[PDB]
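Student: If you scroll down you'll find the structure; I have some questions about it.
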Amino acid sequence: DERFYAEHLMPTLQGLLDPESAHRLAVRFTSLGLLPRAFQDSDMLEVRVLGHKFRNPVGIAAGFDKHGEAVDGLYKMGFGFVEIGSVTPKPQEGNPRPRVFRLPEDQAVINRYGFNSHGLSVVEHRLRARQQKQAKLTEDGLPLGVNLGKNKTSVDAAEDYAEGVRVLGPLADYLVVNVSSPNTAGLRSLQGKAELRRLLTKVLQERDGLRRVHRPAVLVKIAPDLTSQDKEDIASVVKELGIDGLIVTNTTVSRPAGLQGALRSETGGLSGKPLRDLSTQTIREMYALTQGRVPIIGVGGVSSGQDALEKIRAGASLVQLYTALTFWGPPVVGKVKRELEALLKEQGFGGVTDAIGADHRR
Ligand SMILES: O=C(O)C1=C(C(=O)Nc2c(F)c(F)c(-c3cccc(OC(F)(F)F)c3)c(F)c2F)C=CC1
Ligand SMILES: Cc1cc2nc3c(=O)[nH]c(=O)nc-3n(C[C@H](O)[C@H](O)[C@H](O)COP(=O)(O)O)c2cc1C
Ligand SMILES: O=C(O)c1cc(=O)[nH]c(=O)[nH]1
Numbered sequence: 015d016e017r018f019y020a021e022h023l024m025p026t027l028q029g030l031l032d033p034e035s036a037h038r039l040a041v042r043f044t045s046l047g048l049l050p051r052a053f054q055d056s057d058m059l060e061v062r063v064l065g066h067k068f069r070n071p072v073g074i075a076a077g078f079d080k081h082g083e084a085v086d087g088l089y090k091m092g093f094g095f096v097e098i099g100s101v102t103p104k105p106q107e108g109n110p111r112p113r114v115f116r117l118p119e120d121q122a123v124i125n126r127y128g129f130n131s132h133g134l135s136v137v138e139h140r141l142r143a144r145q146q147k148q149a150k151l152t153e154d155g156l157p158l159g160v161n162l163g164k165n166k167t168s169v170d171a172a173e174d175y176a177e178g179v180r181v182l183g184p185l186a187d188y189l190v191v192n193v194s195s196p197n198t199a200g201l202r203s204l205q206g207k208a209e210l211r212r213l214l215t216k217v218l219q220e221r222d223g224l225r226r227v228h229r230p231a232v233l234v235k236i237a238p239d240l241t242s243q244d245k246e247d248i249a250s251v252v253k254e255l256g257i258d259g260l261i262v263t264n265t266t267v268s269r270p271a272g273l274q275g276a277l278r279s280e281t282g283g284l285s286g287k288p289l290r291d292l293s294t295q296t297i298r299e300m301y302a303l304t305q306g307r308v309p310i311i312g313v314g315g316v317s318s319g320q321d322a323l324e325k326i327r328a329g330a331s332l333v334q335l336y337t338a339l340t341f342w343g344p345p346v347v348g349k350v351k352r353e354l355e356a357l358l359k360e361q362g363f364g365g366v367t368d369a370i371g372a373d374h375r376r
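Remember, our numbering sits 14 above the position in the sequence shown when you count from 1.
See below:
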């Protein structure tokens, strides 16, 4: 029940556990399938993109399952697709705790995990243990994405991503080159035109070298804090290299006027409601700059069917959410899907596909 989780369970749980502990428990419970029984996906929610079928367009954003420990439990939660990561080549602990903060009054979160990761090797074996099961899930419209990061002390960023492509690329439907984390020094500078072109050329060559059935689509995840110039350059490089898609957006280092949370000034990436429209507008811009020819996964502040549809109409073929789950719990997934379907009908769309980029055509 949506009300029970939102009004009693989640609030109570958050009053007993600090945010990081709550997240750990969340991963455990999800991996064990301890979830409230979930909404029947209708044909209207089906979407075909990135060379795959997605039974519904709502996925779990990177960061919740960083090490690929609860993939099956997440599909059970109702997500149309799952994205794990970010995963770094070698294992690393990330930043010291506390590194995640709740801003209840803003329905937001600020985190500075710093790419805490079990590493490629561990995640590789974890995914291989269910590789064939995933193959059937994917064929049944439930794709898997793998988000790649880089180690804090890496001297060659491009090689870190290349290694991720070689090790986890064969186990993913799509790979995400995450160059938008605000918690790794100098990482976002990789979004620059020159560095991005060099980086992505290497990533794509590595990807193309994989055997056909193990060749994933490659997407780039960008920040919501890019200048107009940065966006023009990214769009240019994407079209030049044939990048398969974009994930828009990661968390923001900005602090919108109006934040009420006592922890609003903590260093880190802000997620949730305060990021919603900044992300939607970034999706709108990237869609236009790419002439609607580059698939976009919209992410940032999605907690309702309306939030999802606004991003879809802005140009997103798929959407993801994370923060909303931390406030409303598992039931939010079914809620978003139910509201989205109803809105699609009310607005005269035959299905999700018909609504993609609709705002640009009116
Ligand atoms: O809650 C938090 O403060 C934060 C996070 C979080 O993962 N929160 C969740 C949580 F604490 C849970 F218990 C969740 C779950 C996960 C699965 C089942 C659940 O129902 C229960 F507890 F009754 F079993 C609740 C969940 F999905 C979260 F996102 C991530 C950053 C901060
Ligand atoms: C606690 C936390 C950890 C995250 N970790 C990652 C990560 O490792 N890689 C990544 O690409 N994004 C990461 N993100 C960002 C989310 O994938 C997403 O882009 C962003 O939070 C906006 O969506 P939301 O408002 O629904 O949370 C993280 C977000 C949070 C809140
Ligand atoms: O691990 C992290 O701190 C992190 C990575 C990322 O891409 N985004 C985010 O908000 N946090």
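Beta carbons: idealized from backbone N, C-alpha and C, even for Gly.
Give the range of the alpha helix (DSSP H) segment to which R352 is assigned.
Tutor: Taking the sequence shown and counting its residues from 1, the one referred to as residue 352 is at position 338. Per DSSP, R352 belongs to the alpha helix (DSSP H) from 345-360.
Student: How many angstroms separate the CA atom of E355 from the CA atom of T167?
Tutor: The residue labelled residue 355 in the question sits at position 341 within the sequence shown. The residue labelled residue 167 in the question sits at position 153 within the sequence shown. Computed Cα separation, rounded: 46 Å.
Student: For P71, which option in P184, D368, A40 has the closest C-alpha, if you only look at C-alpha atoms?
Tutor: On the sequence shown, residue 71 is found 57 positions in, with the first residue counted as 1. Cα-wise, what sits closest to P71 is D368.
Student: Can at least three beta-carbon pairs, one atom from the segment 53-71 and one from the segment 140-151, be found at a separation below 8 Å?
Tutor: no
Student: When DSSP labels each residue in this structure, what does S242 get in the three-state scheme?
Tutor: Taking the sequence shown and counting its residues from 1, one reaches residue 242 at position 228. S242 falls in the helix class under three-state DSSP.
Student: When you compare each of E254, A186, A271, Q205 to residue 2 by their alpha carbons, which one comes out closest?
Tutor: Any answer about residue 2 is impossible in this case: the structure gives the chain only from 15 up to 376.
Student: Is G128 a contact residue of ligand 3, with contact defined as CB to any heavy atom under 6 Å?
Tutor: As a working note, residue 128 is residue 114 in the sequence shown. It does: the Cβ of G128 is within 6 Å (strictly closer) of some heavy atom of ligand 3.
Student: Between which two residues does the alpha helix (DSSP H) carrying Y301 extend?
Tutor: Reading the sequence shown from its first residue, position 287 is the one you call residue 301. Taken as a continuous stretch (DSSP letters only), the alpha helix (DSSP H) holding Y301 covers 290-303.
Student: For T281, count neighbouring C-beta atoms within 10 Å of its own C-beta (all shown protein chains included) and say buried if the count is 16 or more, exposed if not.
Tutor: For the purposes of this step, residue 281 is identified with residue 267 of the sequence shown, where counting begins at 1. It is exposed - the Cβ of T281 has fewer than 16 other Cβ atoms within 10 Å.
Student: Once you ignore the five residues that flank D321 on each side, which residues in its own chain have a CB closer than 7 Å to its CB?
Tutor: The residue you call residue 321 lines up with position 307 of the sequence shown. Excluding sequence neighbours, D321 sits near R290, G315.
Student: Just the Cα atoms here: how many angstroms apart are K359 and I310?
Tutor: Residue mapping note: residue 359 aligns to position 345 of the sequence shown, counting from 1. Residue mapping note: residue 310 aligns to position 296 of the sequence shown, counting from 1. Approximately 23 Å, taken between the alpha carbons.
Student: How big is the Cα-Cα spacing for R229 and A276?
Tutor: Looking up residue 229 in the sequence shown gives position 215. Looking up residue 276 in the sequence shown gives position 262. Distance between the alpha carbons of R229 and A276: 46 Å.
Student: Rounded to a whole number of angstroms, what is the C-alpha to C-alpha distance between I326 and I370?
Tutor: For the purposes of this step, residue 326 is taken as residue 312 along the sequence shown, with counting starting at 1. For the purposes of this step, residue 370 is taken as residue 356 along the sequence shown, with counting starting at 1. Their Cα atoms are separated by approximately 5 Å.
Student: For the segment 103-187, list the beta strand (DSSP E) runs that are entirely contained and at least 3 residues long, ordered along the chain.
Tutor: 114-117, 122-125, 158-162
Student: Sorted by chain position, which residues of the same chain lie with C-beta nearer than 6 Å to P103's C-beta, five sequence neighbours on each side aside?
Tutor: On the sequence shown, position 89 is the one that residue 103 refers to. Around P103: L134, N165, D174, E177.
Student: Cβ of residue 401 within 7 Å of Cβ of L260?
Tutor: Limits of the chain in this structure are 15 at one end and 376 at the other, which puts residue 401 out of reach.
Student: Once you ignore the five residues that flank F95 on each side, which residues in its own chain have a CB closer than 6 Å to its CB?
Tutor: Looking up residue 95 in the sequence shown gives position 81. So the list reads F68, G73, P157, once near-sequence residues are dropped.
Student: Pick out every residue whose C-beta is nearer than 6 Å to a heavy atom of ligand 1: which are they, in chain order?
Tutor: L23, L27, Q28, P33, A36, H37, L39, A40, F43, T44, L48, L49, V114, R116, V123, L339, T340, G343, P344
Student: If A76 and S100 are in contact, beta carbons under 8 Å, what's the gap, nearest whole angstrom?
Tutor: For this step, residue 76 is matched to residue 62 along the sequence shown. For this step, residue 100 is matched to residue 86 along the sequence shown. Yes, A76 and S100 are in contact; Cβ-Cβ is about 6 Å, under 8 Å.
Student: Could you spell out where the alpha helix (DSSP H) holding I326 opens and where it closes?
Tutor: Residue 326 sits at position 312 when you count from the first residue of the sequence shown. Its alpha helix (DSSP H) spans residues 319-328.
Student: Looking at the structure shown, is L214 part of a helix, part of a strand, or coil, going by DSSP?
Tutor: Counted from its first residue, the sequence shown places residue 214 at position 200. Of the three classes helix, strand and coil, the one that applies to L214 here is helix, per DSSP.
Student: State the Cα-Cα distance for the pair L189 and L182, rounded to the nearest angstrom.
Tutor: Here residue 189 refers to the residue found at position 175 when the sequence shown is read from its first residue. Here residue 182 refers to the residue found at position 168 when the sequence shown is read from its first residue. If I take the Cα positions, the gap works out to 8 Å.
Student: Give a yes or no on contact between the segment 124-132 and the segment 197-215, applying the rule of three or more CB pairs nearer than 8 Å.
Tutor: yes
Student: Taking DSSP as the reference, what is the three-state secondary structure of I248?
Tutor: Locating residue 248 in the sequence shown gives position 234, counting from the first residue. Helix at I248.
Student: How about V63 and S250: are their beta carbons less than 7 Å apart?
Tutor: Taking the first residue of the sequence shown as 1, we reach residue 63 at position 49. Taking the first residue of the sequence shown as 1, we reach residue 250 at position 236. The answer is no: Cβ separation not under 7 Å.
Student: Do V123 and residue 8 count as a contact pair if the criterion is CB distance below 7 Å?
Tutor: The requested residue 8 is not part of the displayed model; the chain covers only 15 to 376.
Student: Look at the alpha carbon of residue 382 and the alpha carbon of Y301, and state the distance between them as a whole number of angstroms.
Tutor: What the structure shows of the chain is the stretch from 15 to 376, and residue 382 is not part of that stretch, so it cannot be assessed.
Student: As a quick exercise: from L31, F115, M58, pick the residue whose alpha carbon is nearest that of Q361.
Tutor: One-based indexing of the sequence shown puts residue 361 at position 347. The candidate whose alpha carbon is nearest that of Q361 is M58.
Student: Are the beta-carbon atoms of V350 and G319 separated by less than 7 Å?
Tutor: Residue mapping note: residue 350 aligns to position 336 of the sequence shown, counting from 1. Residue mapping note: residue 319 aligns to position 305 of the sequence shown, counting from 1. Their beta carbons are under 7 Å apart, which means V350 touches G319 by this criterion.
Student: Any heavy atom of ligand 2 closer than 6 Å to the Cβ of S318?
Tutor: In the sequence shown, the residue the question calls residue 318 occupies position 304. Not so, every heavy atom of ligand 2 lies at least 6 Å from the Cβ.
Student: How long is the line joining the alpha carbons of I257 and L23, rounded to whole angstroms?
Tutor: Here residue 257 refers to the residue found at position 243 when the sequence shown is read from its first residue. Here residue 23 refers to the residue found at position 9 when the sequence shown is read from its first residue. The straight-line gap from Cα to Cα measures roughly 42 Å.
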